[PDB]
$ cat my_file23.cif   # mmCIF, C-alpha atoms and all ligand atoms
data_model
#
loop_
_atom_site.label_atom_id
_atom_site.label_comp_id
_atom_site.auth_asym_id
_atom_site.auth_seq_id
_atom_site.Cartn_x
_atom_site.Cartn_y
_atom_site.Cartn_z
CA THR A 27 18.02 5.12 12.82
CA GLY A 28 14.70 5.91 11.05
CA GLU A 29 11.69 7.27 12.97
CA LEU A 30 8.23 5.70 12.94
CA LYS A 31 5.87 8.04 14.75
CA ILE A 32 2.60 6.86 16.29
CA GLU A 33 0.13 9.55 17.28
CA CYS A 34 -1.71 8.31 20.42
CA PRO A 35 -5.28 9.46 21.25
CA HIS A 36 -6.28 10.52 24.84
CA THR A 37 -8.81 7.65 25.18
CA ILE A 38 -9.43 4.22 23.66
CA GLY A 39 -13.15 5.03 23.23
CA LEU A 40 -15.35 2.60 21.29
CA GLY A 41 -12.75 -0.22 21.27
CA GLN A 42 -12.34 -1.05 17.54
CA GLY A 43 -9.76 1.60 16.41
CA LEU A 44 -6.19 0.94 15.40
CA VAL A 45 -3.11 3.14 15.39
CA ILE A 46 -0.98 3.23 12.23
CA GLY A 47 2.40 4.68 11.34
CA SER A 48 4.90 4.27 8.51
CA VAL A 49 8.38 5.27 7.47
CA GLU A 50 10.36 5.04 4.21
CA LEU A 51 13.95 3.89 4.80
CA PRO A 52 17.12 4.57 2.79
CA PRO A 53 18.04 2.58 -0.37
CA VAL A 54 19.41 -0.97 -0.07
CA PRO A 55 20.91 -2.92 -3.06
CA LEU A 56 18.51 -5.39 -4.80
CA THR A 57 20.52 -8.48 -3.85
CA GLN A 58 19.84 -7.68 -0.19
CA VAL A 59 16.04 -7.39 -0.63
CA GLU A 60 15.45 -11.15 -0.72
CA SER A 61 17.20 -11.44 2.72
CA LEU A 62 15.23 -8.68 4.50
CA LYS A 63 13.57 -9.78 7.78
CA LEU A 64 11.65 -7.52 10.20
CA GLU A 65 12.89 -7.94 13.77
CA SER A 66 11.07 -6.43 16.76
CA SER A 67 12.05 -5.68 20.32
CA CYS A 68 8.59 -4.16 20.98
CA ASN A 69 6.18 -5.33 23.72
CA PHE A 70 3.35 -6.24 21.37
CA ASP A 71 1.86 -9.37 19.78
CA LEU A 72 3.17 -9.62 16.20
CA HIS A 73 0.92 -11.33 13.67
CA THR A 74 3.09 -14.01 11.95
CA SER A 75 1.33 -13.96 8.52
CA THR A 76 3.54 -11.36 6.75
CA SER A 77 6.93 -12.96 7.61
CA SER A 78 6.06 -16.24 5.70
CA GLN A 79 7.34 -16.90 2.14
CA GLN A 80 5.26 -15.32 -0.60
CA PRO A 81 5.61 -16.05 -4.35
CA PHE A 82 6.26 -13.07 -6.66
CA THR A 83 7.12 -12.72 -10.29
CA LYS A 84 10.20 -10.53 -10.52
CA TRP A 85 10.11 -8.40 -13.67
CA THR A 86 13.23 -6.37 -14.59
CA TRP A 87 14.59 -4.36 -17.56
CA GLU A 88 18.05 -3.87 -19.15
CA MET A 89 19.26 -1.57 -21.89
CA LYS A 90 19.86 -3.35 -25.22
CA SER A 91 20.92 -2.42 -28.78
CA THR A 102 12.94 -1.51 -28.90
CA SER A 103 15.98 -0.51 -26.83
CA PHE A 104 14.90 -2.76 -23.89
CA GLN A 105 15.30 -6.29 -22.86
CA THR A 106 12.93 -7.37 -20.11
CA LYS A 107 12.87 -10.66 -18.28
CA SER A 108 11.02 -12.39 -15.48
CA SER A 109 11.16 -15.24 -12.97
CA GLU A 110 9.29 -16.59 -9.93
CA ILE A 111 10.87 -15.96 -6.53
CA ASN A 112 9.79 -15.98 -2.90
CA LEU A 113 9.86 -12.80 -0.86
CA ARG A 114 9.11 -12.41 2.84
CA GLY A 115 7.85 -9.67 5.07
CA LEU A 116 5.87 -7.80 2.40
CA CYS A 117 2.47 -6.30 3.11
CA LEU A 118 0.32 -9.19 1.91
CA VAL A 119 -2.16 -9.23 4.71
CA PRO A 120 -4.71 -12.05 4.85
CA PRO A 121 -8.44 -11.32 4.98
CA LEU A 122 -9.83 -10.36 8.43
CA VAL A 123 -6.40 -9.77 10.04
CA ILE A 124 -6.53 -5.96 10.06
CA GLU A 125 -10.35 -5.91 10.45
CA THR A 126 -10.20 -7.88 13.71
CA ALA A 127 -6.84 -6.67 15.06
CA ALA A 128 -8.50 -4.49 17.73
CA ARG A 129 -10.23 -7.60 19.09
CA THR A 130 -7.36 -10.07 18.64
CA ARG A 131 -4.80 -7.57 19.94
CA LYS A 132 -2.49 -8.40 17.06
CA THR A 133 0.05 -6.00 15.64
CA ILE A 134 0.83 -6.00 11.89
CA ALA A 135 4.33 -4.99 10.86
CA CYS A 136 5.32 -5.38 7.20
CA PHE A 137 7.02 -3.41 4.37
CA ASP A 138 6.44 -2.45 0.76
CA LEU A 139 9.29 -1.81 -1.76
CA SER A 140 9.94 1.19 -3.98
CA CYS A 141 12.75 0.26 -6.34
CA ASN A 142 14.76 1.27 -9.40
CA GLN A 143 16.89 -1.28 -11.29
CA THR A 144 19.66 -1.43 -8.66
CA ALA A 145 18.20 -0.32 -5.31
CA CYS A 146 15.06 -0.51 -3.13
CA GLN A 147 13.64 1.75 -0.42
CA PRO A 148 11.52 -0.31 1.96
CA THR A 149 8.55 1.49 3.50
CA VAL A 150 7.72 -0.06 6.88
CA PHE A 151 4.10 -0.04 8.03
CA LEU A 152 3.08 -0.67 11.67
CA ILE A 153 -0.57 -1.19 12.55
CA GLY A 154 -1.92 -2.21 15.91
CA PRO A 155 -4.28 -1.82 18.82
CA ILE A 156 -4.67 1.54 20.51
CA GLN A 157 -3.76 -0.21 23.86
CA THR A 158 -0.14 -0.21 22.65
CA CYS A 159 -0.15 3.51 23.50
CA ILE A 160 -0.64 2.58 27.20
CA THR A 161 2.07 -0.09 27.20
CA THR A 162 4.75 1.59 25.09
CA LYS A 163 6.64 4.92 24.79
CA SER A 164 9.30 3.70 22.36
CA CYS A 165 10.73 0.52 20.96
CA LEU A 166 12.88 -0.79 18.10
CA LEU A 167 12.37 -2.57 14.83
CA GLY A 168 15.18 -3.77 12.64
CA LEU A 169 15.19 -4.34 8.90
CA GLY A 170 18.42 -5.71 7.44
CA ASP A 171 21.04 -3.25 8.68
CA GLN A 172 18.64 -0.40 9.59
CA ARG A 173 17.25 0.31 13.03
CA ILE A 174 13.83 1.94 13.36
CA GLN A 175 12.82 3.91 16.41
CA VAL A 176 9.08 3.67 17.01
CA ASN A 177 7.95 6.67 19.08
CA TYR A 178 4.50 6.73 20.64
CA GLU A 179 3.58 10.35 21.27
CA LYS A 180 0.46 11.68 22.99
CA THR A 181 -1.67 14.03 20.90
CA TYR A 182 -1.88 17.83 21.36
CA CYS A 183 -5.65 17.61 20.73
CA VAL A 184 -8.54 16.94 23.16
CA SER A 185 -11.10 15.27 20.83
CA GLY A 186 -9.26 14.58 17.52
CA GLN A 187 -5.95 14.36 15.68
CA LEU A 188 -3.26 16.78 14.63
CA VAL A 189 -3.86 17.22 10.87
CA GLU A 190 -1.94 19.87 8.88
CA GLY A 191 -1.08 21.51 12.27
CA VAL A 192 -4.78 21.65 13.25
CA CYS A 193 -6.82 19.58 15.72
CA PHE A 194 -9.72 17.89 13.83
CA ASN A 195 -12.71 15.59 14.65
CA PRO A 196 -14.58 14.04 11.64
CA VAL A 197 -18.38 13.57 11.33
CA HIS A 198 -19.61 10.39 13.13
CA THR A 199 -23.36 9.96 12.25
CA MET A 200 -24.66 7.37 9.78
CA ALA A 201 -27.27 9.81 8.33
CA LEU A 202 -26.67 13.04 6.29
CA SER A 203 -26.67 16.47 8.05
CA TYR A 209 -19.10 21.70 8.79
CA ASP A 210 -15.26 22.22 8.52
CA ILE A 211 -13.25 20.31 5.91
CA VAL A 212 -9.81 18.84 6.55
CA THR A 213 -7.62 16.75 4.24
CA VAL A 214 -6.34 13.53 5.90
CA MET A 215 -3.98 10.72 4.97
CA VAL A 216 -5.36 7.33 4.02
CA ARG A 217 -3.24 4.16 3.91
CA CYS A 218 -4.64 1.06 2.22
CA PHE A 219 -3.55 -2.58 1.85
CA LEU A 220 -4.64 -4.89 -0.92
CA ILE A 221 -6.28 -8.10 0.32
CA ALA A 222 -6.88 -11.15 -1.90
CA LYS A 223 -10.29 -12.65 -1.22
CA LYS A 224 -12.28 -14.95 -3.52
CA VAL A 225 -15.99 -15.92 -3.49
CA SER A 226 -17.45 -18.93 -5.38
CA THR A 227 -20.22 -17.10 -7.28
CA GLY A 228 -20.77 -13.67 -8.88
CA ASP A 229 -18.87 -10.38 -9.18
CA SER A 230 -19.09 -8.85 -5.65
CA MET A 231 -15.27 -9.10 -5.12
CA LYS A 232 -14.22 -8.07 -8.67
CA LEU A 233 -12.34 -4.96 -7.49
CA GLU A 234 -11.06 -3.81 -10.90
CA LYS A 235 -14.64 -3.82 -12.24
CA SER A 236 -15.45 -1.19 -9.61
CA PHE A 237 -12.65 0.99 -10.96
CA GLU A 238 -13.79 0.41 -14.56
CA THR A 239 -17.42 1.59 -13.83
CA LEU A 240 -15.98 4.78 -12.34
CA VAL A 241 -13.50 5.63 -15.19
CA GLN A 242 -14.50 3.76 -18.41
CA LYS A 243 -16.37 4.39 -21.60
CA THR A 244 -16.75 0.82 -22.92
CA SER A 245 -16.73 -2.82 -21.65
CA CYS A 246 -13.51 -4.64 -20.65
CA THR A 247 -13.71 -8.38 -21.10
CA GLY A 248 -11.39 -10.00 -18.51
CA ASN A 249 -10.54 -8.27 -15.19
CA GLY A 250 -11.15 -11.07 -12.77
CA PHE A 251 -8.99 -10.27 -9.70
CA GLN A 252 -10.96 -10.86 -6.47
CA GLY A 253 -10.16 -8.78 -3.43
CA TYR A 254 -10.50 -5.47 -1.69
CA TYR A 255 -8.63 -2.74 0.09
CA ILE A 256 -8.53 -2.27 3.86
CA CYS A 257 -7.59 1.28 4.84
CA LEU A 258 -6.82 3.30 7.90
CA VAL A 259 -7.60 6.98 8.00
CA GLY A 260 -5.17 9.44 9.61
CA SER A 261 -3.03 8.28 12.48
CA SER A 262 -5.89 6.26 14.00
CA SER A 263 -9.29 4.93 12.90
CA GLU A 264 -11.42 1.94 12.49
CA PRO A 265 -10.65 -0.08 9.35
CA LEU A 266 -12.42 1.14 6.19
CA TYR A 267 -13.34 -1.51 3.60
CA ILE A 268 -13.01 -0.46 -0.10
CA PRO A 269 -15.46 -0.63 -1.69
CA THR A 270 -18.27 0.05 0.74
CA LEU A 271 -20.82 1.26 -1.83
CA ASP A 272 -22.88 3.72 0.24
CA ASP A 273 -19.92 5.12 2.26
CA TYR A 274 -18.78 8.59 1.21
CA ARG A 275 -15.18 7.87 2.30
CA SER A 276 -14.95 4.71 0.24
CA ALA A 277 -16.19 6.73 -2.75
CA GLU A 278 -13.56 9.34 -2.08
CA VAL A 279 -10.74 6.85 -1.75
CA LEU A 280 -11.73 5.06 -4.93
CA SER A 281 -11.88 8.30 -6.91
CA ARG A 282 -8.43 9.41 -5.66
CA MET A 283 -7.13 5.90 -6.51
CA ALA A 284 -8.61 6.18 -9.99
CA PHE A 285 -6.84 9.51 -10.64
CA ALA A 286 -3.58 8.63 -8.78
CA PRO A 287 -3.20 4.86 -9.12
CA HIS A 288 0.39 4.85 -7.67
CA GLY A 289 -0.57 7.04 -4.67
CA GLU A 290 -0.23 10.74 -3.82
CA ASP A 291 2.71 12.82 -2.46
CA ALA A 301 14.77 13.09 -10.12
CA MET A 302 13.02 10.13 -11.73
CA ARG A 303 13.75 9.78 -15.47
CA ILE A 304 11.32 8.03 -17.84
CA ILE A 305 12.90 5.85 -20.55
CA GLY A 306 10.04 4.09 -22.34
CA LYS A 307 7.35 1.42 -22.62
CA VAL A 308 8.10 -2.17 -21.63
CA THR A 309 6.20 -5.43 -21.59
CA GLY A 310 6.75 -8.80 -19.99
CA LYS A 311 5.49 -12.20 -18.93
CA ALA A 312 3.84 -12.66 -15.55
CA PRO A 313 4.17 -15.33 -14.48
CA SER A 314 7.38 -15.99 -16.46
CA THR A 315 5.90 -19.29 -17.68
CA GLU A 316 3.34 -17.41 -19.86
CA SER A 317 4.01 -17.72 -23.59
CA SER A 318 2.91 -14.12 -24.33
CA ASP A 319 3.09 -10.82 -22.51
CA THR A 320 0.60 -10.24 -19.69
CA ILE A 321 1.92 -6.99 -18.20
CA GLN A 322 3.14 -3.57 -19.34
CA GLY A 323 4.60 -0.49 -17.79
CA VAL A 324 7.12 2.31 -18.10
CA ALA A 325 10.80 1.76 -17.52
CA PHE A 326 12.61 4.44 -15.60
CA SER A 327 15.95 5.27 -14.00
CA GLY A 328 16.92 7.47 -11.12
CA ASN A 329 15.36 7.75 -7.74
CA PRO A 330 12.60 5.27 -7.03
CA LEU A 331 9.39 7.21 -6.54
CA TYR A 332 6.39 4.83 -6.46
CA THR A 333 6.09 1.38 -4.97
CA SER A 334 7.19 -1.48 -7.24
CA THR A 335 4.67 -4.14 -6.10
CA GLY A 336 1.21 -5.10 -7.34
CA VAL A 337 -1.12 -7.78 -8.67
CA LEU A 338 -2.39 -8.45 -12.18
CA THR A 339 -6.04 -7.44 -12.49
CA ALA A 340 -6.68 -10.16 -15.09
CA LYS A 341 -6.37 -13.26 -12.88
CA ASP A 342 -8.88 -14.30 -10.21
CA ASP A 343 -6.01 -16.05 -8.46
CA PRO A 344 -3.53 -13.28 -7.63
CA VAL A 345 -0.32 -13.03 -9.66
CA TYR A 346 1.97 -10.87 -7.54
CA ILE A 347 4.57 -8.73 -9.27
CA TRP A 348 7.73 -7.06 -8.14
CA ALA A 349 9.00 -4.74 -10.89
CA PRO A 350 12.11 -2.83 -9.94
CA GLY A 351 12.86 0.04 -12.29
CA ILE A 352 9.38 -0.19 -13.90
CA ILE A 353 6.18 1.74 -13.14
CA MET A 354 3.71 -1.09 -13.76
CA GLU A 355 0.52 -0.14 -15.67
CA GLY A 356 -2.11 1.07 -13.19
CA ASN A 357 -4.24 3.32 -15.45
CA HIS A 358 -7.80 2.01 -14.95
CA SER A 359 -8.96 3.29 -18.38
CA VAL A 360 -6.76 0.61 -20.03
CA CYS A 361 -8.23 -2.91 -20.41
CA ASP A 362 -5.24 -5.24 -20.68
CA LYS A 363 -1.95 -5.85 -18.91
CA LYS A 364 -2.79 -3.69 -15.89
CA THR A 365 -2.26 -3.98 -12.16
CA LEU A 366 -3.41 -2.91 -8.70
CA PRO A 367 -0.84 -1.79 -6.18
CA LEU A 368 -0.24 -3.75 -2.95
CA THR A 369 -0.27 -0.59 -0.84
CA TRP A 370 -1.67 2.85 -1.60
CA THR A 371 -1.16 6.13 0.22
CA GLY A 372 -3.20 9.25 -0.52
CA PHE A 373 -5.35 12.04 0.89
CA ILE A 374 -9.10 12.64 1.13
CA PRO A 375 -11.12 15.62 2.39
CA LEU A 376 -13.27 14.88 5.46
CA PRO A 377 -16.16 16.94 6.79
CA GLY A 378 -16.11 17.60 10.55
CA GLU A 379 -15.22 20.19 13.21
CA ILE A 380 -11.83 21.90 13.82
CA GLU A 381 -12.33 22.96 17.51
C1 LIG B 401 18.76 3.78 -7.83
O1 LIG B 401 18.64 4.72 -6.77
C2 LIG B 401 19.82 4.84 -5.98
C3 LIG B 401 19.47 5.71 -4.77
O2 LIG B 401 18.70 6.84 -5.19
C4 LIG B 401 20.98 5.37 -6.84
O3 LIG B 401 22.25 5.05 -6.24
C5 LIG B 401 22.94 6.18 -5.68
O4 LIG B 401 23.42 7.10 -6.66
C6 LIG B 401 24.08 8.23 -6.06
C7 LIG B 401 24.37 9.25 -7.15
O5 LIG B 401 24.24 8.63 -8.44
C8 LIG B 401 25.33 7.73 -5.31
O6 LIG B 401 26.00 8.87 -4.75
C9 LIG B 401 27.41 8.69 -4.48
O7 LIG B 401 27.64 8.68 -3.07
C10 LIG B 401 29.00 8.63 -2.67
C11 LIG B 401 29.07 8.42 -1.16
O8 LIG B 401 30.33 8.85 -0.62
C12 LIG B 401 29.64 9.93 -3.12
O9 LIG B 401 31.00 9.96 -2.67
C13 LIG B 401 29.56 10.08 -4.64
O10 LIG B 401 29.97 11.42 -4.97
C14 LIG B 401 30.63 11.55 -6.24
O11 LIG B 401 29.73 11.50 -7.35
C15 LIG B 401 28.95 12.63 -7.77
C16 LIG B 401 28.53 12.35 -9.23
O12 LIG B 401 27.71 13.37 -9.76
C17 LIG B 401 29.69 14.01 -7.65
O13 LIG B 401 28.84 15.15 -7.73
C18 LIG B 401 30.56 14.07 -6.38
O14 LIG B 401 31.26 15.28 -6.15
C19 LIG B 401 31.45 12.84 -6.19
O15 LIG B 401 32.46 12.77 -7.18
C20 LIG B 401 28.17 9.78 -5.25
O16 LIG B 401 27.33 10.94 -5.39
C21 LIG B 401 24.95 6.71 -4.21
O17 LIG B 401 26.11 6.11 -3.60
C22 LIG B 401 24.04 5.61 -4.78
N1 LIG B 401 23.28 4.86 -3.78
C23 LIG B 401 23.30 3.53 -3.63
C24 LIG B 401 22.35 3.03 -2.57
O18 LIG B 401 24.00 2.75 -4.26
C25 LIG B 401 21.06 4.67 -8.21
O19 LIG B 401 21.83 5.45 -9.13
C26 LIG B 401 19.72 4.37 -8.85
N2 LIG B 401 19.95 3.43 -9.94
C27 LIG B 401 19.71 3.71 -11.22
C28 LIG B 401 20.02 2.59 -12.16
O20 LIG B 401 19.27 4.78 -11.64
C1 LIG B 402 -5.26 6.14 -19.50
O1 LIG B 402 -5.62 5.30 -20.60
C2 LIG B 402 -6.42 5.89 -21.63
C3 LIG B 402 -6.66 4.85 -22.73
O2 LIG B 402 -5.41 4.35 -23.19
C4 LIG B 402 -5.77 7.15 -22.20
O3 LIG B 402 -6.74 7.84 -23.02
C5 LIG B 402 -6.27 8.34 -24.29
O4 LIG B 402 -5.44 9.50 -24.14
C6 LIG B 402 -5.05 10.19 -25.33
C7 LIG B 402 -4.19 11.40 -24.95
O5 LIG B 402 -4.56 11.92 -23.67
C8 LIG B 402 -6.28 10.60 -26.15
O6 LIG B 402 -5.91 11.21 -27.40
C9 LIG B 402 -7.15 9.38 -26.43
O7 LIG B 402 -8.33 9.80 -27.14
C10 LIG B 402 -7.51 8.67 -25.12
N1 LIG B 402 -8.25 7.43 -25.38
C11 LIG B 402 -9.28 7.00 -24.63
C12 LIG B 402 -9.90 5.71 -25.08
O8 LIG B 402 -9.69 7.61 -23.65
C13 LIG B 402 -5.34 8.07 -21.06
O9 LIG B 402 -4.59 9.18 -21.55
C14 LIG B 402 -4.47 7.29 -20.08
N2 LIG B 402 -4.02 8.13 -18.99
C15 LIG B 402 -2.75 8.38 -18.66
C16 LIG B 402 -1.61 7.79 -19.45
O10 LIG B 402 -2.52 9.11 -17.71
#

$ encode --input "my_file23.cif" --output "structure tokens"
Amino acid sequence: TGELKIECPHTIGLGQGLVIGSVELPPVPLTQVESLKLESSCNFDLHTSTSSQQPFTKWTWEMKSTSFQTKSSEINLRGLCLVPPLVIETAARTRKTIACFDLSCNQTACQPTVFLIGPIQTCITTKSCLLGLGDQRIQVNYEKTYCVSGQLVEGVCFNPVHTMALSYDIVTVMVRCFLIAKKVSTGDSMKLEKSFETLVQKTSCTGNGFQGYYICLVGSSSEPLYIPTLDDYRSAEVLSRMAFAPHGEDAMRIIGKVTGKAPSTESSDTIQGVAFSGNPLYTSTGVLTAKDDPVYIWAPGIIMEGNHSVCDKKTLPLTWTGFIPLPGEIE
């Protein structure tokens, strides 16, 4: 039994906050990954979006005798954290709970990371409940916070700044973000990879057309944070940490550079990365930055290219976990 801890605040407050928790489970063989279904015995209202079938290009490597053979094909996965637009943003109002997983994989095995997001009211209704994923049971524990006004962060009770203007103590908090595909008809407002390129590039990249955004939750509970929100200091912070740690923040053995075709029907290579063996470390899921219409990739045993300074064959991860410093008061 794994443990997914939810830190519950003393009050609901302004209504629009969500709780979030997550746990990384033990390795399962690859052949079992396509069968994985999240089950819930919990007394909450599961959003059905994530358990539908979702098309991915599977990209894999084998030793050959540069010394690699890669290949790819299109498959359907279910239960992954591909959250539709507005679902997280309006979950406090709809009273919907999002439960989904990401995959961190080597060639032969995957560690699912289960994410649970939902309304703060769940803390009134629920002390503990169970999720299942394949053969693993997950104990969700809702636990009331030691603090009076904030959250337990690095063993310290902390409340961040709230005002919209400019004016403190500084505490480093966890941020968890989910990639959302969202197109507009006209212009470049949703061209997410262009935002990264302005932050970390010298010269002009021609074709990074992916349209979407990240939706993030800060700490154990917060209102959703949209990335990018141009004049928000927290958005700026998350983007900068993403730009320097594109596979998130926290033995794996690097073998070499690999390329491949995504989707597999492409005549030439559209993706690159670094093949590895040993313990999976980063998530193995992302989207090509080059296509407006998302091309989703699952690349077990390969760290797909996420360096924003590169122009071609790069990706954005489906989920991203890191840390940002927040100004506020320790109490
Ligand atoms: C992908 O990652 C997975 C998980 O990280 C990894 O598979 C695991 O590898 C370890 C070690 O390579 C396996 O450990 C074995 O566990 C059994 C359980 O009873 C032990 O009995 C074994 O012990 C013997 O082997 C050791 C070899 O050094 C000795 O020190 C020891 O005294 C024993 O003789 C053994 O350690 C584990 O079972 C698997 N896990 C899974 C889920 O299959 C895998 O190697 C990674 N894949 C790649 C391609 O890198
Ligand atoms: C991210 O990508 C850029 C461009 O490929 C890499 O920048 C080069 O890095 C080498 C060694 O650090 C330098 O000698 C080159 O002059 C750099 N070129 C440019 C255009 O900046 C960068 O190292 C990559 N970051 C990684 C792999 O972490």

$ residues_near_point --input "my_file23.cif" --point "(-11.8, 0.0, -13.4)" --cutoff "9 Å" --atoms "only C-alpha atoms" --output "list in words"
residues 233, 234, 235, 236, 237, 238, 239, 240, 241, 242, 246, 249, 284, 357, 358, 359, 360 and 361 of chain A

$ residues_around --input "my_file23.cif" --residues "residue 263 (chain A)" --least-positions-apart "4" --cutoff "8 Å" --atoms "only C-alpha atoms" --output "list in words"
residues 43, 44, 45, 258 and 259 of chain A

$ closest_residue --input "my_file23.cif" --among "A:332, A:85, A:285, A:326" --to "ligand LIG 401 (chain B)" --atoms "all atoms listed in the file"
A:326

$ closest_residue --input "my_file23.cif" --among "A:368, A:352, A:215, A:34" --to "ligand LIG 401 (chain B)" --atoms "all atoms listed in the file"
A:352

$ closest_residue --input "my_file23.cif" --among "A:38, A:135, A:304, A:286" --to "ligand LIG 402 (chain B)" --atoms "all atoms listed in the file"
A:286

$ residues_near_ligand --input "my_file23.cif" --ligand "ligand LIG 401 (chain B)" --cutoff "6 Å" --atoms "only C-alpha atoms and all ligand atoms" --output "list in words"
residues 53, 54, 142, 143, 144, 145, 327, 328 and 329 of chain A

$ residues_around --input "my_file23.cif" --residues "residue 365 (chain A)" --least-positions-apart "3" --cutoff "6 Å" --atoms "only C-alpha atoms" --output "PyMOL selection string"
chain A and resi 337-339+355-356

$ closest_residue --input "my_file23.cif" --among "A:190, A:110, A:29, A:264" --to "residue 127 (chain A)" --atoms "only C-alpha atoms"
A:264

$ residues_near_point --input "my_file23.cif" --point "(-12.3, 8.7, 3.7)" --cutoff "10 Å" --atoms "only C-alpha atoms" --output "compact mmCIF listing (two decimals) with C-alpha atoms, keeping the file's coordinate frame"
# COMPACT_ATOMS: atom_id res chain seq x y z
CA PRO A 196 -14.58 14.04 11.64
CA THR A 213 -7.62 16.75 4.24
CA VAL A 214 -6.34 13.53 5.90
CA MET A 215 -3.98 10.72 4.97
CA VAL A 216 -5.36 7.33 4.02
CA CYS A 257 -7.59 1.28 4.84
CA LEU A 258 -6.82 3.30 7.90
CA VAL A 259 -7.60 6.98 8.00
CA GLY A 260 -5.17 9.44 9.61
CA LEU A 266 -12.42 1.14 6.19
CA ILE A 268 -13.01 -0.46 -0.10
CA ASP A 273 -19.92 5.12 2.26
CA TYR A 274 -18.78 8.59 1.21
CA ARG A 275 -15.18 7.87 2.30
CA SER A 276 -14.95 4.71 0.24
CA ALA A 277 -16.19 6.73 -2.75
CA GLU A 278 -13.56 9.34 -2.08
CA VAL A 279 -10.74 6.85 -1.75
CA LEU A 280 -11.73 5.06 -4.93
CA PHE A 373 -5.35 12.04 0.89
CA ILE A 374 -9.10 12.64 1.13
CA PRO A 375 -11.12 15.62 2.39
CA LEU A 376 -13.27 14.88 5.46
CA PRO A 377 -16.16 16.94 6.79

$ atom_distance --input "my_file23.cif" --atom1 "CA of residue 195 (chain A)" --atom2 "CA of residue 181 (chain A)"
12.8 Å

$ residues_around --input "my_file23.cif" --residues "region 309-311 of chain A" --least-positions-apart "3" --cutoff "7 Å" --atoms "all atoms listed in the file" --output "list in words"
residues 106, 107, 108, 314, 316, 318, 319, 320, 321, 322 and 323 of chain A

$ write_last_selection --input "my_file23.cif" --atoms "C-alpha atoms" --output "compact mmCIF listing (two decimals), keeping the file's coordinate frame"
# COMPACT_ATOMS: atom_id res chain seq x y z
CA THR A 106 12.93 -7.37 -20.11
CA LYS A 107 12.87 -10.66 -18.28
CA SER A 108 11.02 -12.39 -15.48
CA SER A 314 7.38 -15.99 -16.46
CA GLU A 316 3.34 -17.41 -19.86
CA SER A 318 2.91 -14.12 -24.33
CA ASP A 319 3.09 -10.82 -22.51
CA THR A 320 0.60 -10.24 -19.69
CA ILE A 321 1.92 -6.99 -18.20
CA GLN A 322 3.14 -3.57 -19.34
CA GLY A 323 4.60 -0.49 -17.79

$ closest_residue --input "my_file23.cif" --among "A:220, A:169, A:353, A:136" --to "ligand LIG 402 (chain B)" --atoms "all atoms listed in the file"
A:353

$ decode --input "my_file23.cif" --residues "region 302-310 of chain A" --atoms "N, CA, C and O atoms" --output "PDB file, in the first residue's frame"
ATOM      1  N   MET A 302      20.867   6.106 -12.487  1.00  0.00           N
ATOM      2  CA  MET A 302      20.526   6.192 -13.907  1.00  0.00           C
ATOM      3  C   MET A 302      21.801   6.322 -14.728  1.00  0.00           C
ATOM      4  O   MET A 302      22.657   7.129 -14.395  1.00  0.00           O
ATOM      5  N   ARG A 303      21.910   5.535 -15.798  1.00  0.00           N
ATOM      6  CA  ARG A 303      23.122   5.454 -16.620  1.00  0.00           C
ATOM      7  C   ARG A 303      22.832   5.899 -18.062  1.00  0.00           C
ATOM      8  O   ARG A 303      22.048   5.278 -18.771  1.00  0.00           O
ATOM      9  N   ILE A 304      23.510   6.957 -18.495  1.00  0.00           N
ATOM     10  CA  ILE A 304      23.325   7.532 -19.825  1.00  0.00           C
ATOM     11  C   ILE A 304      24.143   6.766 -20.862  1.00  0.00           C
ATOM     12  O   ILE A 304      25.301   6.467 -20.627  1.00  0.00           O
ATOM     13  N   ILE A 305      23.508   6.460 -21.996  1.00  0.00           N
ATOM     14  CA  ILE A 305      24.059   5.596 -23.033  1.00  0.00           C
ATOM     15  C   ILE A 305      24.387   6.387 -24.283  1.00  0.00           C
ATOM     16  O   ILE A 305      25.434   6.192 -24.861  1.00  0.00           O
ATOM     17  N   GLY A 306      23.481   7.240 -24.742  1.00  0.00           N
ATOM     18  CA  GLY A 306      23.776   8.085 -25.890  1.00  0.00           C
ATOM     19  C   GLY A 306      22.582   8.718 -26.557  1.00  0.00           C
ATOM     20  O   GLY A 306      21.445   8.482 -26.144  1.00  0.00           O
ATOM     21  N   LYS A 307      22.854   9.500 -27.604  1.00  0.00           N
ATOM     22  CA  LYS A 307      21.812  10.216 -28.355  1.00  0.00           C
ATOM     23  C   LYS A 307      20.997   9.312 -29.279  1.00  0.00           C
ATOM     24  O   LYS A 307      21.550   8.477 -29.983  1.00  0.00           O
ATOM     25  N   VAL A 308      19.680   9.493 -29.258  1.00  0.00           N
ATOM     26  CA  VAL A 308      18.785   8.777 -30.147  1.00  0.00           C
ATOM     27  C   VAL A 308      17.786   9.705 -30.819  1.00  0.00           C
ATOM     28  O   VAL A 308      17.445  10.765 -30.299  1.00  0.00           O
ATOM     29  N   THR A 309      17.305   9.274 -31.974  1.00  0.00           N
ATOM     30  CA  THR A 309      16.302  10.012 -32.706  1.00  0.00           C
ATOM     31  C   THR A 309      15.191   9.068 -33.089  1.00  0.00           C
ATOM     32  O   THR A 309      15.330   7.845 -32.974  1.00  0.00           O
ATOM     33  N   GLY A 310      14.076   9.631 -33.531  1.00  0.00           N
ATOM     34  CA  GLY A 310      12.954   8.799 -33.943  1.00  0.00           C
ATOM     35  C   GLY A 310      11.865   9.563 -34.635  1.00  0.00           C
ATOM     36  O   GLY A 310      11.938  10.782 -34.739  1.00  0.00           O
TER      37      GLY A 310
END
